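Trainee: Shown below is the structure under consideration.
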Amino acid sequence: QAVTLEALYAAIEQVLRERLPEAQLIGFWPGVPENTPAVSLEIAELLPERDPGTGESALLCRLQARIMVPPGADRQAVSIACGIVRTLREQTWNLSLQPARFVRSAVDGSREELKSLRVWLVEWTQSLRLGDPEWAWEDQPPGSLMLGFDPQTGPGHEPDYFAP
Amino acid sequence: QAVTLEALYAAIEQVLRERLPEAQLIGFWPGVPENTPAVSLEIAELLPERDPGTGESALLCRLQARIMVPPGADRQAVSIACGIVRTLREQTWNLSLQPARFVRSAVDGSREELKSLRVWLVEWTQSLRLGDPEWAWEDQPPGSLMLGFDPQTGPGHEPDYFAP
Amino acid sequence: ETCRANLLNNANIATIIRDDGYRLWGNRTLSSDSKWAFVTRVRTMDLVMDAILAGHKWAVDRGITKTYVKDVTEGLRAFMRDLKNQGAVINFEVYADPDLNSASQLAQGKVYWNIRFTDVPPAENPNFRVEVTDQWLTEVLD
Amino acid sequence: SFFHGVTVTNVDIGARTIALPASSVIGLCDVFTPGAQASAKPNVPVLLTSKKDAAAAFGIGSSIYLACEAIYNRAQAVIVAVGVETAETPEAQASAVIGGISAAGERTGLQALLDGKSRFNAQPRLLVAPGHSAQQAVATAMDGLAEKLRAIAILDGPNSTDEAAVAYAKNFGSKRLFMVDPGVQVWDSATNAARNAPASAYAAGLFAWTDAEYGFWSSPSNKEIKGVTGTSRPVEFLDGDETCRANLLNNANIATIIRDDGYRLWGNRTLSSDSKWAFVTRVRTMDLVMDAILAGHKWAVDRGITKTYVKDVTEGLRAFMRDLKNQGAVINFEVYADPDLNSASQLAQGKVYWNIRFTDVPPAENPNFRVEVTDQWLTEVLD
Amino acid sequence: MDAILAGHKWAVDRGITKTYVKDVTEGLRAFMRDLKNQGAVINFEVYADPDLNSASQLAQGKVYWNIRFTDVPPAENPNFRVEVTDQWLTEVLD
Amino acid sequence: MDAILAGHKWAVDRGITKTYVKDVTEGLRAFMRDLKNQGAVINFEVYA
Amino acid sequence: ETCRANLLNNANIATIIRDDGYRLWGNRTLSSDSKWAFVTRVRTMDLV
Amino acid sequence: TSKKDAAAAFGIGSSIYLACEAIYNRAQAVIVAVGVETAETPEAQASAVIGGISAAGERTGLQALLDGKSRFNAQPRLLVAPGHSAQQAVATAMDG
C-alpha cells in the first residue's frame, strides 16, 4: 500500500541499473571512487508540501545524484548525465508515486576529495506519502485464524485462543 | 530527425571554425593554453522547460564559451568576443533548433590556472528536444527485406526469415 | 468429466457426442506442443504464411529504393489490418527486428522484420463463477 | 478473385436468451403391485402429467398412486415416477428403493430418476420417496442423488415422538434435505377410514404449487395443505411463543404441520450445517440459476474468444439476471467478466471466466414489530 | 438473405464510385423500410461498415454492407398480472 | 462465546485463501454490530 | 464460391456463365502483380 | 466441385463417391480427388493409397495431391483419406 524510504532507495537503484548499462556502479550511499564512470546518489533536502486530509506526511525529497569522474573524460560524463535527464520526464519508479520533477544539472565544487575533479549535481524532487493512513484500522494477514476475548489475550496467553 | 548532444557538440565546432578564421582553435572540451588567441567552449548548466506532450525532454543548456588570452592583447580578445555575439542573433546551427538566446559577456575570475589572465565568459541558451518521440514506433532502413514470424525469430534465428 | 467423451478428448481426439450423433466435439490436434494444440491456430498460421510468402512475386529485385520498405510493410500491415476487423486476429504487430537489425548487418544489405499475431482461440471452456452474497440486502429499505 | 459475385453472410454474433428449466418436476419412487390394471413396468420411469395418468399407469389403490393423489389434489405438476415392487423384509425394501444398476446396465430404483432428462426432457427437482425416506439408508442415497440432479430431496422423519425426529435429523448435515416431521392423517377411500400418510408428498405438492403461483424463489412455509383431515401426533403453535413445540423443531431444521385440522406448513430451513445454505429458497434459486446458465450456454462452446464474444455473453448474461430482478427472484446483481482471470494465457487455453454475484430474496421468517408508547406528540392536542 | 442475394446481381461489376455505395445503401434502406411498415421487422440499421471498407479491401473489389434488424417474435406467452388493490377505494366519496 | 465458537463449523479447512479472513471477520464484526444496535453491547472492537 | 465459373476467375480467366450464355464473368487480367489485376486499372492507366 | 461431377467421374457405388457424398451433403467445397483401384492384399492397399512417383515420373496415389495447384490452381488444404487412415503407414504419409 503506502511507500517507505527503504522501498524507495532500492527502486531508484533498481531501475537505473536496468536502463543504464554504461553506469558501472549504482548505489544510494556509496563511496570509494575506484574507477572512472562512477555515479553516487545522495540526499540533499526534504521539504514539506500541502498536507492531505489523512495522517500522511507530504514530503518532496531533493534526490541528488553526483557523477564523479577523473579529468580527461569530460564528454563521457555528460553522456552519463544525459541518460538520467531523459529518464526523469515521466518516471514514477513503479511505486504509485507522482512523476519526478527535474531541477538542474551543473558542475559544482564539492566539499569532498577531488581526485575525481569533475562532478555533476543531478537533483530532482518527487512527492511521498510516508505517513500511515487512517482509512483502514487493520491489516490483511493470510493464514489460519485464532480468536480470543477481552480479559484473556495478549502475548502471555497462548491457550486462550480457539481455531475450529 | 531528433537531435543528439553529440550532433550538437560537433556543429557548434563546425560553424565557428567556418565563420571565424581568426580563431585558431575551436573545441568543445579543450585544454592546454598553448598560444594567445584560444577559445575554449564549456558547459555551465542545463535547465528544464515546458514539457511538450510527447516523450521529449525540453532542456535549455547554458553553452559557455571562455576566451583565454595572455595580458597585453586585451583589445584583440574583445574582437574575438564580438564575432561570437554577432553570430548568435538568429543562429539555429542548421539542426532544426530554436535560435540561441545571448545571455552575457564579461570578464570573470576562473578557478583554473591564470597564465592566460584575461578570460571572457560567453554563455547562451538554446532549447533541445533530446527525448525520443512517440509519433512513430519504427525506423526507416534501406535495403532488402526479411520476414519472420512470432515463435521463431530473434537473434538466434537466421534461417527462419524469407526473402522472395 | 467421468464421461467417455472427455476421456477421449484428453488424448487429443475429436469425438461425435450427441444423441444419435449430431455434432463434433474437440479442437485438439495431435501435437506435442502446448502452443499448437489447437486446430484453429494451425489452420490460421498456415493460411497467413501462405498468404504473405506466396504474395510477394512483385517484390523481386526491380530497383530496390528507400520507398521499397514503405511499399512492402504498409501493404503488409494493411493485410493484417484486414484480418483484425474480419475477426481472424485478436492483436498483431508488424515490427522491425530490434535484436537483429545491427549496424554491422546493415552493410550486408539485409534488414529483418517480424510479423507476430495473436490467433483467436476457440472458447472450449466457458467457465461461470456464480455466487450468492448478502451485499445488496440493505437495498431493500426504500 | 476470391469470389466474383454477391456474398450474403449471416454473422450470428448477437447475445442469446437464457430460460429457466421449469423448477417443478417431482421425482417419485414408491412401491406398487404390478398386474393388468397397472400399465407400468416395475422399475422404469413413467412421466405422469395428470391424476388420470397416474391411475392408468400404476393402478388405483397402489402405494405410489396415493402419493400422486397427494400431489395432484394440491398442485398440478409433472411427476417422473419410478415405482418398485414390494420386498418381503423392510431391511431389503430399502435396497429396492435405492436400486442402483441392473444386469443389463439399466438404473432401477431411485437411480432411474437420472433418466428423467434423457427420456422425457424433464429433470426432477423434488426427490420424494414417501414412507421410505424415514430410513437412513434411503435418505443418504437420496441426498447423494440430489447432488446429481441439483434437486431438493424432501425427507420425512418417523411418526413417533419429537425426540425421534431430532435424533433423525442429526445424522445428515446436507443442504439438499428438507424434512417434514409430523405424519399427515388423511382420508383413505379404500378402507373408508382415516390413515396416516407419510406427509412427504403433501409437502412436495406445496413446492410445486408455489412455483406455479408465487415463483421458484418463494418458500412454501406458510401455505395450506389441502387433502388432509388432520395430523397424527399434533404439534403445538399457539400465537407467538418462541418456546412452543413447533418452533423447537424448526430450530432443529425440521419443518412441521402446525394448526388445527393441519392446514399450514411451518419451516423453510434445510438440514444445512452452514448458516449460508440454511433457507430452502436460497438452495432452490441457486440450483436454478446454475442450471439455466449451464444448459443455456451450450451455443458458446467453440465460438472463439473475441472482444465481442465476451461482450455478447455478458450482455446476454446481464439480461438474464435483470429479467429475474424485476420478476422478484433476486434483489440485485453484478455480472462481469473477470479481468483478473481472463489473462492472455488463460484465453489461449480456451478458458474464459465470468462472475455472477447476486443476492437472493430471503424469506421473512421473523417479522419483528417494536411497539412503544411515548409522550412526544402529547402537546399536539393544543390547537 | 435471398432477397439481397438475388436482388443485387446488377451490382457485380458497376465500379465503386461515391454514387455506387450511396445508391446500394439507400436502395437497401428502402427494402427494409418497406418491410418495417409492412410489419415484418420492427426497426433496422443499414450502413456501409467503416472498419471493413478499408482502402485495401476496396482495392480488390470487396465492399461491405451491414444490415442489422430485429424480427417480430410470436407472442407465445402473453402474461397478464391481475392485482386487487385499494388505491381507488376512496374514489367513492364524492 | 457460545455463539461464536459453536458457529464456525463452515470455517474448517476447505481451501483457506486470502479471502478467508475477510469472510470470517466481516461475518464476525457484523454479528457484533447486530448486538450493538440490539442493545446488548455498549462498545466493541474485533481487532487483530 | 466453389462453383466451376468462380474457379476460373480465381485463375484470372474470364468466362461466359448463364443459361443461353448471356453474361461475361471476370474482370481480371493475367497479371502476376496484384496491383494490375483488374482490367479497368490497366485500361484507365493506358488512357491517361 | 459438385455431386454430379463426383458421380460422373467415379460412378455411384465407388468408395470415393461415398466420400464425396459425405462432403456435399454438409458443405459445398472443391475436392481434389485422386481415386485408386482396389488392391487384393490390404497390406499393399495402403502402399497403393500412398504410392509416390511412378515409373514414368508421374505422382500416383496420395502424393498426387501435391500437383493440385500446378494443375487445377487449387491447393488441397485438407487431407482426407477415408477408410485407410487407421494405419501408421498411411497416416505418416498424411503427416508428411
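Ordered as shown in the C-alpha cells, chains take letters A, B, and onward, while each chain numbers its residues from 1 and ligands are numbered from 1 in the order shown.
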Could you name the residues that touch segment 116-118 of chain A at 6 Å or less, counting only C-alpha atoms, but leaving out those on the same chain fewer than 6 positions away, as a list in words?

Mentor: residues 68, 69 and 70 of chain A

Trainee: Just list as a list in words whatever in chain E DSSP marks as strand (DSSP E).

Mentor: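 Across chain E, those assigned strand (DSSP E) are residues 41, 42, 43, 44, 45, 46, 47, 48, 65, 66, 67, 68, 69, 70 and 71 of chain E.
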
Trainee: Write out as a list in words the residues lying within 12 Å of residue 93 of chain D, counting only C-alpha atoms and excluding same-chain residues fewer than 6 positions away.

Mentor: residues 29, 30, 31, 84, 85, 86, 87, 99, 109, 131, 132, 133, 135, 137 and 138 of chain D

Trainee: Please report as an mmCIF file with C-alpha atoms, in the first residue's frame which residues of chain C come no farther than 12 Å from chain D, using only C-alpha atoms.

Mentor:
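Output saved as result.cif:
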data_model
loop_
_atom_site.group_PDB
_atom_site.id
_atom_site.type_symbol
_atom_site.label_atom_id
_atom_site.label_comp_id
_atom_site.auth_asym_id
_atom_site.auth_seq_id
_atom_site.Cartn_x
_atom_site.Cartn_y
_atom_site.Cartn_z
ATOM 1 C CA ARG C 18 -24.753 -36.065 -29.048
ATOM 2 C CA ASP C 19 -27.777 -38.360 -29.039
ATOM 3 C CA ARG C 23 -22.225 -32.713 -33.639
ATOM 4 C CA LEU C 24 -18.440 -32.779 -33.394
ATOM 5 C CA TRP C 25 -16.589 -32.310 -30.101
ATOM 6 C CA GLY C 26 -12.953 -31.253 -29.943
ATOM 7 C CA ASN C 27 -10.433 -28.657 -31.107
ATOM 8 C CA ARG C 28 -7.253 -30.583 -30.339
ATOM 9 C CA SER C 34 1.083 -26.832 -25.986
ATOM 10 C CA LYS C 35 1.023 -23.839 -28.344
ATOM 11 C CA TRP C 36 -0.017 -25.798 -31.444
ATOM 12 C CA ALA C 37 -2.652 -27.846 -29.593
ATOM 13 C CA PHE C 38 -5.488 -26.068 -31.394
ATOM 14 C CA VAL C 39 -6.816 -26.714 -34.891
ATOM 15 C CA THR C 40 -7.611 -23.002 -35.202
ATOM 16 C CA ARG C 41 -4.009 -21.844 -34.685
ATOM 17 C CA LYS C 84 -8.219 -7.962 -37.453
ATOM 18 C CA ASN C 85 -11.570 -6.368 -38.276
ATOM 19 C CA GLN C 86 -12.588 -9.563 -40.065
ATOM 20 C CA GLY C 87 -12.164 -11.310 -36.718
ATOM 21 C CA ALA C 88 -9.251 -13.569 -37.650
ATOM 22 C CA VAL C 89 -6.635 -11.999 -35.357
ATOM 23 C CA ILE C 90 -7.095 -10.537 -31.883
ATOM 24 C CA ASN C 91 -3.900 -8.477 -31.874
ATOM 25 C CA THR C 118 -2.414 -13.468 -31.737
ATOM 26 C CA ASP C 119 -4.851 -16.004 -33.156
ATOM 27 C CA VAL C 120 -8.467 -16.128 -31.952
ATOM 28 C CA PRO C 121 -8.760 -19.135 -29.611
ATOM 29 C CA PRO C 122 -11.977 -21.168 -29.507
ATOM 30 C CA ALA C 123 -13.784 -20.852 -26.180
ATOM 31 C CA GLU C 124 -13.594 -24.556 -25.354
ATOM 32 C CA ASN C 125 -14.193 -23.977 -21.616
ATOM 33 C CA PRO C 126 -16.501 -21.044 -20.815
ATOM 34 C CA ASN C 127 -16.373 -21.052 -17.009
ATOM 35 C CA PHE C 128 -19.024 -19.257 -14.961
ATOM 36 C CA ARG C 129 -18.379 -18.353 -11.317
ATOM 37 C CA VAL C 130 -21.816 -17.645 -9.848
ATOM 38 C CA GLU C 131 -22.158 -16.837 -6.137
ATOM 39 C CA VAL C 132 -24.879 -15.858 -3.682
ATOM 40 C CA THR C 133 -23.924 -12.942 -1.465
ATOM 41 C CA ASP C 134 -25.698 -10.680 1.028
ATOM 42 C CA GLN C 135 -24.268 -7.396 -0.220
ATOM 43 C CA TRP C 136 -27.402 -5.772 -1.659
ATOM 44 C CA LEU C 137 -29.733 -6.840 1.154
ATOM 45 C CA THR C 138 -29.746 -3.314 2.609
ATOM 46 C CA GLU C 139 -31.040 -2.126 -0.780
ATOM 47 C CA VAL C 140 -34.434 -3.389 0.441
ATOM 48 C CA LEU C 141 -35.178 -0.432 2.671
#

Trainee: Which residues come within 10 Å of residue 203 of chain D, counting only C-alpha atoms, excluding same-chain residues fewer than 4 positions away, as a ChimeraX atom specification?

Mentor: /D:70-71,74,126,128,154-156,178-180,199,207-209,220-221,223-225,255-257,265

Trainee: Can you list, as a list in words, all residues belonging to segment 12-141 of chain A that DSSP tags as alpha helix (DSSP H)?

Mentor: residues 12, 13, 14, 15, 16, 17, 18, 19, 74, 75, 76, 77, 78, 79, 80, 81, 82, 83, 84, 85, 86 and 87 of chain A

Trainee: Would you kindly return, as a JSON list (two decimals) with N, CA, C and O atoms, in the first residue's frame, each protein, DNA or RNA residue with an atom no farther than 6 Å from any atom of residue 186 of chain D, considering only C-alpha atoms and excluding same-chain residues fewer than 4 positions away?

Mentor:
[["chain", "number", "residue", "atom", "x", "y", "z"],
["D", 194, "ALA", "N", -59.63, -43.06, 8.13],
["D", 194, "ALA", "CA", -58.53, -42.11, 8.08],
["D", 194, "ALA", "C", -57.22, -42.84, 8.39],
["D", 194, "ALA", "O", -57.06, -43.38, 9.49],
["D", 195, "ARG", "N", -56.31, -42.85, 7.43],
["D", 195, "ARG", "CA", -54.99, -43.43, 7.62],
["D", 195, "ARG", "C", -53.97, -42.35, 7.93],
["D", 195, "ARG", "O", -54.27, -41.15, 7.90],
["D", 228, "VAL", "N", -55.59, -33.09, 3.47],
["D", 228, "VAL", "CA", -55.54, -33.75, 4.77],
["D", 228, "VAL", "C", -56.86, -33.58, 5.51],
["D", 228, "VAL", "O", -57.71, -32.76, 5.16],
["D", 229, "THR", "N", -57.04, -34.39, 6.55],
["D", 229, "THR", "CA", -58.14, -34.24, 7.50],
["D", 229, "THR", "C", -57.62, -33.97, 8.90],
["D", 229, "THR", "O", -58.42, -33.83, 9.83]]

Trainee: List every residue of chain E that has an atom at most 12 Å from any atom of chain C, and for each one report the closest atom pair and its distance in Å to one decimal, counting only C-alpha atoms, with rows sorted by chain and then by increasing residue number, as JSON lines.

Mentor:
{"residue": "E:49", "atom": "CA", "partner": "C:85", "partner_atom": "CA", "distance": 10.4}
{"residue": "E:50", "atom": "CA", "partner": "C:85", "partner_atom": "CA", "distance": 10.0}
{"residue": "E:51", "atom": "CA", "partner": "C:85", "partner_atom": "CA", "distance": 6.4}
{"residue": "E:52", "atom": "CA", "partner": "C:85", "partner_atom": "CA", "distance": 6.3}
{"residue": "E:53", "atom": "CA", "partner": "C:82", "partner_atom": "CA", "distance": 9.1}
{"residue": "E:54", "atom": "CA", "partner": "C:82", "partner_atom": "CA", "distance": 7.3}
{"residue": "E:55", "atom": "CA", "partner": "C:78", "partner_atom": "CA", "distance": 8.3}
{"residue": "E:56", "atom": "CA", "partner": "C:78", "partner_atom": "CA", "distance": 6.6}
{"residue": "E:57", "atom": "CA", "partner": "C:82", "partner_atom": "CA", "distance": 7.2}
{"residue": "E:58", "atom": "CA", "partner": "C:82", "partner_atom": "CA", "distance": 10.8}
{"residue": "E:59", "atom": "CA", "partner": "C:78", "partner_atom": "CA", "distance": 11.5}
{"residue": "E:60", "atom": "CA", "partner": "C:79", "partner_atom": "CA", "distance": 11.6}
{"residue": "E:62", "atom": "CA", "partner": "C:82", "partner_atom": "CA", "distance": 11.3}
{"residue": "E:64", "atom": "CA", "partner": "C:86", "partner_atom": "CA", "distance": 10.9}

Trainee: Suppose we keep C-alpha atoms; can you now write the selection as a short mmCIF file (atom, residue, chain, number, x, y, z; two decimals), in the first residue's frame?

Mentor:
data_model
loop_
_atom_site.label_atom_id
_atom_site.label_comp_id
_atom_site.auth_asym_id
_atom_site.auth_seq_id
_atom_site.Cartn_x
_atom_site.Cartn_y
_atom_site.Cartn_z
CA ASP E 49 -19.20 -0.71 -42.48
CA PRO E 50 -16.30 1.70 -41.82
CA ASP E 51 -13.72 -0.74 -40.46
CA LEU E 52 -14.41 -3.43 -43.07
CA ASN E 53 -14.35 -0.99 -46.01
CA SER E 54 -10.62 -0.47 -45.82
CA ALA E 55 -8.52 1.01 -48.61
CA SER E 56 -7.10 -2.45 -49.31
CA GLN E 57 -10.43 -4.28 -49.20
CA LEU E 58 -11.94 -1.81 -51.67
CA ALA E 59 -8.93 -2.19 -53.97
CA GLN E 60 -9.75 -5.88 -54.50
CA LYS E 62 -14.71 -6.06 -51.89
CA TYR E 64 -19.09 -4.49 -47.18
#

Trainee: Taking only C-alpha atoms into account and nothing else, which residues of chain A lie no more than 12 Å away from chain F? Please answer as a ChimeraX atom specification.

Mentor: /A:136-150,153-154,161-164

Trainee: Could you check how far atom CA of residue 72 of chain A sits from atom CA of residue 103 of chain C, in Å to one decimal?

Mentor: 28.5 Å

Trainee: Find the residues near residue 124 of chain B: any atom within 6 Å, counting only C-alpha atoms, skip ones fewer than 2 places away on the same chain, and give them as a list in words.

Mentor: residues 62, 63, 101, 102 and 103 of chain B

Trainee: Segment 158-170 of chain D: which residues within 12 Å, counting only C-alpha atoms, same-chain residues fewer than 4 positions away excluded, as an mmCIF file with N, CA and C atoms, in the first residue's frame?

Mentor:
data_model
loop_
_atom_site.group_PDB
_atom_site.id
_atom_site.type_symbol
_atom_site.label_atom_id
_atom_site.label_comp_id
_atom_site.auth_asym_id
_atom_site.auth_seq_id
_atom_site.Cartn_x
_atom_site.Cartn_y
_atom_site.Cartn_z
ATOM 1 N N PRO D 130 -41.870 -41.292 -0.486
ATOM 2 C CA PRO D 130 -42.725 -41.203 0.706
ATOM 3 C C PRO D 130 -42.853 -42.546 1.410
ATOM 4 N N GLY D 131 -42.636 -42.534 2.724
ATOM 5 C CA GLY D 131 -42.672 -43.726 3.532
ATOM 6 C C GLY D 131 -41.329 -44.401 3.707
ATOM 7 N N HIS D 132 -40.461 -44.319 2.702
ATOM 8 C CA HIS D 132 -39.146 -44.933 2.758
ATOM 9 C C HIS D 132 -38.044 -43.951 3.112
ATOM 10 N N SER D 133 -38.328 -42.650 3.110
ATOM 11 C CA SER D 133 -37.318 -41.665 3.467
ATOM 12 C C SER D 133 -37.048 -41.610 4.963
ATOM 13 N N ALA D 134 -37.883 -42.252 5.781
ATOM 14 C CA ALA D 134 -37.632 -42.339 7.212
ATOM 15 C C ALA D 134 -36.467 -43.256 7.546
ATOM 16 N N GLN D 135 -36.058 -44.119 6.620
ATOM 17 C CA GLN D 135 -34.858 -44.917 6.798
ATOM 18 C C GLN D 135 -33.637 -44.104 6.399
ATOM 19 N N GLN D 136 -32.543 -44.291 7.135
ATOM 20 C CA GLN D 136 -31.343 -43.507 6.876
ATOM 21 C C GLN D 136 -30.625 -43.977 5.618
ATOM 22 N N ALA D 137 -30.827 -45.236 5.225
ATOM 23 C CA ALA D 137 -30.151 -45.760 4.043
ATOM 24 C C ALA D 137 -30.707 -45.145 2.766
ATOM 25 N N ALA D 139 -32.354 -42.201 2.604
ATOM 26 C CA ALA D 139 -32.156 -40.757 2.626
ATOM 27 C C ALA D 139 -30.713 -40.372 2.335
ATOM 28 N N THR D 140 -29.753 -41.217 2.715
ATOM 29 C CA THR D 140 -28.365 -40.963 2.349
ATOM 30 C C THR D 140 -28.145 -41.165 0.858
ATOM 31 N N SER D 174 -26.779 -32.046 5.412
ATOM 32 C CA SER D 174 -26.700 -31.748 3.988
ATOM 33 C C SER D 174 -27.740 -30.706 3.607
ATOM 34 N N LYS D 175 -27.373 -29.824 2.679
ATOM 35 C CA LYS D 175 -28.197 -28.674 2.333
ATOM 36 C C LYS D 175 -29.274 -28.981 1.306
ATOM 37 N N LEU D 177 -31.619 -31.395 1.822
ATOM 38 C CA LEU D 177 -32.509 -32.272 2.564
ATOM 39 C C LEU D 177 -33.506 -31.424 3.335
ATOM 40 N N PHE D 178 -34.774 -31.534 2.963
ATOM 41 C CA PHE D 178 -35.871 -30.817 3.595
ATOM 42 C C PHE D 178 -36.744 -31.847 4.292
ATOM 43 N N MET D 179 -36.925 -31.700 5.600
ATOM 44 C CA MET D 179 -37.564 -32.725 6.411
ATOM 45 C C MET D 179 -38.851 -32.190 7.020
ATOM 46 N N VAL D 180 -39.932 -32.954 6.884
ATOM 47 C CA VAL D 180 -41.228 -32.628 7.469
ATOM 48 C C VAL D 180 -41.562 -33.730 8.467
ATOM 49 N N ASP D 181 -41.617 -33.386 9.754
ATOM 50 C CA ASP D 181 -41.758 -34.425 10.774
ATOM 51 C C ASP D 181 -43.161 -35.023 10.926
ATOM 52 N N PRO D 182 -44.227 -34.274 11.254
ATOM 53 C CA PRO D 182 -45.444 -34.946 11.736
ATOM 54 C C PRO D 182 -46.208 -35.604 10.597
ATOM 55 N N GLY D 183 -46.648 -36.836 10.836
ATOM 56 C CA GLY D 183 -47.328 -37.591 9.801
ATOM 57 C C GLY D 183 -48.723 -37.051 9.565
ATOM 58 N N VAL D 184 -49.056 -36.833 8.296
ATOM 59 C CA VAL D 184 -50.371 -36.334 7.935
ATOM 60 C C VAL D 184 -51.393 -37.446 8.127
ATOM 61 N N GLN D 185 -52.523 -37.106 8.739
ATOM 62 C CA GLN D 185 -53.643 -38.024 8.886
ATOM 63 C C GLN D 185 -54.656 -37.688 7.801
ATOM 64 N N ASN D 196 -52.752 -42.774 8.247
ATOM 65 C CA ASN D 196 -51.640 -41.862 8.486
ATOM 66 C C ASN D 196 -50.730 -41.877 7.266
ATOM 67 N N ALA D 197 -50.677 -40.763 6.566
ATOM 68 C CA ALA D 197 -49.815 -40.605 5.411
ATOM 69 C C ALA D 197 -48.409 -40.206 5.857
ATOM 70 N N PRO D 198 -47.381 -40.506 5.056
ATOM 71 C CA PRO D 198 -46.012 -40.138 5.452
ATOM 72 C C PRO D 198 -45.697 -38.650 5.358
ATOM 73 N N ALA D 199 -46.616 -37.825 4.837
ATOM 74 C CA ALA D 199 -46.532 -36.355 4.834
ATOM 75 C C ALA D 199 -45.325 -35.830 4.068
ATOM 76 N N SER D 200 -44.847 -36.593 3.091
ATOM 77 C CA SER D 200 -43.757 -36.159 2.230
ATOM 78 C C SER D 200 -44.248 -35.674 0.880
ATOM 79 N N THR D 231 -53.696 -34.307 11.517
ATOM 80 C CA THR D 231 -52.276 -34.600 11.633
ATOM 81 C C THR D 231 -52.080 -35.589 12.768
ATOM 82 N N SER D 232 -51.390 -36.688 12.484
ATOM 83 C CA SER D 232 -51.013 -37.618 13.537
ATOM 84 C C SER D 232 -49.987 -36.973 14.451
ATOM 85 N N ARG D 233 -50.180 -37.158 15.770
ATOM 86 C CA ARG D 233 -49.387 -36.566 16.847
ATOM 87 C C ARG D 233 -49.328 -35.049 16.696
ATOM 88 N N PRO D 234 -50.383 -34.333 17.096
ATOM 89 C CA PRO D 234 -50.493 -32.903 16.767
ATOM 90 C C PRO D 234 -49.464 -32.051 17.498
ATOM 91 N N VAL D 235 -48.830 -31.155 16.750
ATOM 92 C CA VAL D 235 -47.812 -30.271 17.283
ATOM 93 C C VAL D 235 -48.472 -28.942 17.640
ATOM 94 N N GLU D 236 -47.821 -28.185 18.517
ATOM 95 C CA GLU D 236 -48.422 -27.021 19.153
ATOM 96 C C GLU D 236 -47.724 -25.743 18.712
ATOM 97 N N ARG D 245 -43.720 -26.044 20.884
ATOM 98 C CA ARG D 245 -43.196 -27.319 20.411
ATOM 99 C C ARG D 245 -42.969 -27.301 18.908
ATOM 100 N N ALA D 246 -43.694 -26.451 18.184
ATOM 101 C CA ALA D 246 -43.470 -26.332 16.751
ATOM 102 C C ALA D 246 -42.195 -25.563 16.454
ATOM 103 N N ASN D 247 -41.913 -24.523 17.235
ATOM 104 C CA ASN D 247 -40.740 -23.698 16.971
ATOM 105 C C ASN D 247 -39.452 -24.414 17.350
ATOM 106 N N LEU D 248 -39.511 -25.350 18.296
ATOM 107 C CA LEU D 248 -38.315 -26.089 18.670
ATOM 108 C C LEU D 248 -37.903 -27.098 17.610
ATOM 109 N N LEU D 249 -38.815 -27.486 16.721
ATOM 110 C CA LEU D 249 -38.453 -28.356 15.613
ATOM 111 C C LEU D 249 -37.934 -27.578 14.418
ATOM 112 N N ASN D 250 -38.462 -26.377 14.175
ATOM 113 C CA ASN D 250 -37.870 -25.505 13.167
ATOM 114 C C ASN D 250 -36.493 -25.027 13.595
ATOM 115 N N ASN D 251 -36.266 -24.911 14.904
ATOM 116 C CA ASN D 251 -34.946 -24.566 15.412
ATOM 117 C C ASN D 251 -33.952 -25.698 15.187
ATOM 118 N N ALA D 252 -34.436 -26.937 15.114
ATOM 119 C CA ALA D 252 -33.617 -28.085 14.757
ATOM 120 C C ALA D 252 -33.717 -28.425 13.275
ATOM 121 N N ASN D 253 -34.058 -27.434 12.442
ATOM 122 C CA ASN D 253 -34.082 -27.524 10.977
ATOM 123 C C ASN D 253 -35.089 -28.549 10.459
ATOM 124 N N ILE D 254 -36.208 -28.726 11.154
ATOM 125 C CA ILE D 254 -37.241 -29.674 10.751
ATOM 126 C C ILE D 254 -38.535 -28.907 10.536
ATOM 127 N N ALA D 255 -39.096 -29.009 9.337
ATOM 128 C CA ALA D 255 -40.385 -28.391 9.072
ATOM 129 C C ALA D 255 -41.503 -29.190 9.729
ATOM 130 N N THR D 256 -42.629 -28.524 9.978
ATOM 131 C CA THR D 256 -43.743 -29.132 10.692
ATOM 132 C C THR D 256 -45.063 -28.718 10.061
ATOM 133 N N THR D 270 -33.396 -26.019 5.422
ATOM 134 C CA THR D 270 -32.860 -27.331 5.112
ATOM 135 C C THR D 270 -32.032 -27.835 6.287
ATOM 136 N N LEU D 271 -31.482 -29.033 6.145
ATOM 137 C CA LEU D 271 -30.603 -29.593 7.168
ATOM 138 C C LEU D 271 -29.155 -29.185 6.932
ATOM 139 N N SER D 272 -28.902 -27.892 6.784
ATOM 140 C CA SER D 272 -27.578 -27.422 6.410
ATOM 141 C C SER D 272 -26.728 -27.163 7.640
ATOM 142 N N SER D 273 -25.485 -27.638 7.597
ATOM 143 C CA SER D 273 -24.538 -27.315 8.654
ATOM 144 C C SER D 273 -24.041 -25.882 8.540
#

Trainee: Using only C-alpha atoms and a distance of at most 12 Å, pull out the residues of chain G that contact chain D, as number ranges by chain.

Mentor: G: 1-15, 17, 24-31, 34, 37-38

Trainee: Give me, as a PyMOL selection string, the contact residues of chain A against chain B at a cut-off of 9 Å, counting only C-alpha atoms.

Mentor: chain A and resi 72+74-75+78-79+82+85-90+102-107
